[PDB]
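Note sheet for the following structure.
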Amino acid sequence: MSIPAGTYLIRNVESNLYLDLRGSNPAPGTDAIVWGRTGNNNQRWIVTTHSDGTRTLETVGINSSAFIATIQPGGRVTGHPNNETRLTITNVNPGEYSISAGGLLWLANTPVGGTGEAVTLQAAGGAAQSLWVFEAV
Ligand SMILES: CC(=O)N[C@@H]1[C@@H](O)[C@@H](O)[C@@H](CO)O[C@@H]1O
């Protein structure tokens with residue numbers, strides 16, 4: 001009930017937008033946003049699996065992972081060259097998954113006013129309001 005290891009493109013099903021790194025900056029504190037499909041190196045994510053059943057995402061080329069400093073109901077998702085975060089990617093529908101970090105689900109946060117917004121954690125409600133599709137590249 002989890003995605004296998006490998007390189008994928010993650011797409012949000014609620015708005016048909018792809019997970020992207022803002023500006024391709026290889027610096028700490030770079031927001032992970034949702035943006036239109038371009039297929040560049042900042043939109044391809046390598047999924048690596050661990051022993052306990054958790055998986056991590058790394059950007060291709062830039063080599064910036066997905067790092068959440070404080071796992072709280074309202075924290076953002078950023079990119080760090082060294083530090084990482086162990087995610088849980090479970091299956092709710094055939095084809096559509098859901099990603100959580102420390103028990104809190106993710107959120108879409110579609111861009112408003114021509115500016116992307118960082119993916120933010122969701123409060124403990126248990127209802128997956130955002131599902132992701134892992135298209136093989
Ligand atoms: C090629 C490239 O880096 N594209 C990025 C895009 O991914 C997105 O981050 C945008 C932010 O508004 O800034 C650039 O256009």
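Identifiers in this document derive from the order of the structure tokens: chains are assigned A, B, ..., residues are numbered from 1 separately in each chain, and ligands are numbered from 1 in order of occurrence.
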Residue contacts of residue 20 of chain A (6 Å, only C-alpha atoms) excluding same-chain residues fewer than 4 positions away, as number ranges by chain: A: 32-34, 42-43
Restrict the selected residues to C-alpha atoms and save them as a PDB file, in the first residue's frame.
ATOM      1  CA  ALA A  32       7.787  23.667  -2.323  1.00  0.00           C
ATOM      2  CA  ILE A  33       4.841  24.952  -4.362  1.00  0.00           C
ATOM      3  CA  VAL A  34       2.355  23.669  -6.948  1.00  0.00           C
ATOM      4  CA  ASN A  42      12.924  20.707 -10.330  1.00  0.00           C
ATOM      5  CA  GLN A  43       9.730  18.676 -10.875  1.00  0.00           C
TER       6      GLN A  43
END
Nearby polymer residues, ligand 1, at most 7 Å, only C-alpha atoms and all ligand atoms, as a PDB file with C-alpha atoms, in the first residue's frame:
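The result, written out as out-v3.pdb:
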ATOM      1  CA  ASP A  20       7.668  22.140  -7.941  1.00  0.00           C
ATOM      2  CA  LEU A  21      10.631  23.781  -6.212  1.00  0.00           C
ATOM      3  CA  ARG A  22      10.375  27.575  -6.208  1.00  0.00           C
ATOM      4  CA  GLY A  23      13.003  28.978  -8.563  1.00  0.00           C
ATOM      5  CA  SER A  24      15.216  25.851  -8.511  1.00  0.00           C
ATOM      6  CA  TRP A  35       2.884  24.914 -10.501  1.00  0.00           C
ATOM      7  CA  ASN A  40      12.230  20.402 -15.817  1.00  0.00           C
ATOM      8  CA  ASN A  42      12.924  20.707 -10.330  1.00  0.00           C
ATOM      9  CA  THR A 115       2.325  33.535  -7.056  1.00  0.00           C
ATOM     10  CA  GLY A 116       2.833  30.024  -5.742  1.00  0.00           C
TER      11      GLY A 116
END
Filtered DSSP result for segment 42-100 of chain A, state strand (DSSP E), as a PyMOL selection string: chain A and resi 45-49+55-59+78-79+88-91+97-100
Take the residues that were just selected and, keeping N, CA and C atoms, output them as a short mmCIF file (atom, residue, chain, number, x, y, z; two decimals), in the first residue's frame.
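What landed in result07.cif:
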data_model
loop_
_atom_site.label_atom_id
_atom_site.label_comp_id
_atom_site.auth_asym_id
_atom_site.auth_seq_id
_atom_site.Cartn_x
_atom_site.Cartn_y
_atom_site.Cartn_z
N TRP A 45 11.07 13.82 -8.91
CA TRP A 45 11.40 13.45 -7.54
C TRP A 45 11.75 11.98 -7.46
N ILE A 46 12.89 11.68 -6.86
CA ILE A 46 13.32 10.31 -6.59
C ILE A 46 12.77 9.89 -5.24
N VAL A 47 12.05 8.76 -5.22
CA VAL A 47 11.47 8.20 -4.01
C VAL A 47 12.35 7.05 -3.56
N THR A 48 12.89 7.16 -2.35
CA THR A 48 13.71 6.13 -1.74
C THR A 48 13.01 5.58 -0.51
N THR A 49 12.98 4.25 -0.40
CA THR A 49 12.26 3.57 0.67
C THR A 49 13.22 3.14 1.77
N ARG A 55 9.30 6.68 3.33
CA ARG A 55 9.92 7.02 2.06
C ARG A 55 10.26 8.50 2.02
N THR A 56 11.30 8.82 1.24
CA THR A 56 11.80 10.18 1.13
C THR A 56 11.90 10.59 -0.33
N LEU A 57 11.75 11.89 -0.57
CA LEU A 57 11.78 12.46 -1.91
C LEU A 57 13.00 13.36 -2.07
N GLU A 58 13.69 13.22 -3.19
CA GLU A 58 14.85 14.05 -3.50
C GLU A 58 14.73 14.62 -4.91
N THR A 59 15.06 15.90 -5.06
CA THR A 59 15.02 16.52 -6.38
C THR A 59 16.14 15.96 -7.26
N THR A 78 9.65 22.67 2.90
CA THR A 78 10.74 23.37 2.23
C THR A 78 11.75 22.38 1.65
N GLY A 79 12.87 22.90 1.16
CA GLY A 79 13.91 22.06 0.60
C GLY A 79 15.27 22.31 1.21
N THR A 88 5.24 9.23 4.93
CA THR A 88 4.39 8.06 4.77
C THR A 88 3.44 8.31 3.61
N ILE A 89 3.56 7.50 2.56
CA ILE A 89 2.75 7.65 1.35
C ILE A 89 1.83 6.44 1.29
N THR A 90 0.58 6.62 1.70
CA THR A 90 -0.38 5.53 1.73
C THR A 90 -1.35 5.65 0.55
N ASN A 91 -2.13 4.59 0.35
CA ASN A 91 -3.05 4.49 -0.78
C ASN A 91 -4.49 4.57 -0.28
N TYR A 97 -2.79 8.53 -4.21
CA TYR A 97 -2.16 8.31 -2.92
C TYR A 97 -2.37 9.52 -2.01
N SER A 98 -1.79 9.44 -0.81
CA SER A 98 -1.81 10.55 0.13
C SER A 98 -0.53 10.52 0.95
N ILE A 99 0.09 11.69 1.10
CA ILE A 99 1.39 11.83 1.75
C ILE A 99 1.18 12.53 3.09
N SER A 100 1.76 11.96 4.15
CA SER A 100 1.70 12.55 5.48
C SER A 100 3.08 12.52 6.11
#
Nearest candidate to residue 127 of chain A (options A:113, A:103, A:61, A:75; using only C-alpha atoms): A:103
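Taking atom CA of residue 117 of chain A and atom CA of residue 64 of chain A as endpoints, the distance between them is 18.1 Å.
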Polymer residues at most 8 Å from residue 77 of chain A, only C-alpha atoms, same-chain spacing of 6 or more positions, as a list in words: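 Skipping anything fewer than 6 positions along the chain leaves residues 31, 32, 66, 67, 68, 118, 119, 120 and 121 of chain A.
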Distance of atom CA of residue 128 of chain A from atom CA of residue 72 of chain A, expressed in Å to one decimal place: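 Between atom CA of residue 72 of chain A and atom CA of residue 128 of chain A the gap is 16.8 Å.
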Residue neighbourhood residue 17 of chain A, 10 Å, only C-alpha atoms, exclusion window fewer than 3 positions, as an MDAnalysis selection string: chainID A and resid 10:14 20 33:37 108 110:111 132
Write the residues of the selection above to a file with C-alpha atoms, as a compact mmCIF listing (two decimals), in the first residue's frame.
# COMPACT_ATOMS: atom_id res chain seq x y z
CA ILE A 10 3.80 14.11 -8.50
CA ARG A 11 0.54 15.71 -9.64
CA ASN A 12 -2.34 17.03 -7.54
CA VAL A 13 -5.68 15.59 -8.62
CA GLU A 14 -7.80 18.44 -7.21
CA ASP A 20 7.67 22.14 -7.94
CA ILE A 33 4.84 24.95 -4.36
CA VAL A 34 2.36 23.67 -6.95
CA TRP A 35 2.88 24.91 -10.50
CA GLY A 36 1.99 24.09 -14.08
CA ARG A 37 3.70 21.25 -15.88
CA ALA A 108 -2.63 21.69 -1.96
CA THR A 110 -2.94 26.44 -5.11
CA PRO A 111 -1.30 29.68 -6.29
CA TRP A 132 -1.42 12.88 -5.39
Top pick for closest residue to residue 62 of chain A, considering A:7, A:30, A:85, A:25 and counting only C-alpha atoms: A:25
Selected residue of minimal separation from residue 133 of chain A among A:63, A:70, A:19, A:1, counting only C-alpha atoms: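 Of A:63, A:70, A:19, A:1, the one nearest residue 133 of chain A, counting only C-alpha atoms, is A:19.
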Between atom CA of residue 81 of chain A and atom CA of residue 122 of chain A - distance in Å to one decimal: 24.5 Å
